[PDB]
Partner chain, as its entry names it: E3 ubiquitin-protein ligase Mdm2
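What follows is one chain in structure tokens, specifically the form solved without its partner chain.
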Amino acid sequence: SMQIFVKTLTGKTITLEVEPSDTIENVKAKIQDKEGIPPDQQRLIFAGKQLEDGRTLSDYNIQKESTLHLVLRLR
């Protein structure tokens, strides 16, 4: 029910449509859908904190139009 932004280290901004009840893993799956990046290679960061897969956006009180950061990880 809200828009968020996901900024990559190359400077690209990805816009996403999410609900506060979406888990971080759900958000990663939306990123895979839109951009192609496998979820297990994504770190999502907000205000310097790595967001944990099983928690929700609401669990971090991330409100509408916030900017997350995407950093790739090696598996």
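Numbering follows the first chain given and starts at 1.
- Annotation for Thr56: CA B-factor lies in the middle third of the chain's modelled residues.
- Per-chain ranking of the deposited C-alpha B factor places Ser66 in the lowest third.
- When all modelled residues of the chain are sorted by CA temperature factor, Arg43 is found within the lowest third.
- Annotation for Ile4: CA B-factor lies in the middle third of the chain's modelled residues.
- Among all modelled residues in this chain, the alpha-carbon of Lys30 has a temperature factor (C-alpha) in the lowest third.
From this point on, the text means the form deposited with its partner chain bound, which you will not see here.
- In the entry with it bound, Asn26 stays away from its partner chain, with no heavy atom inside 4.5 Å.
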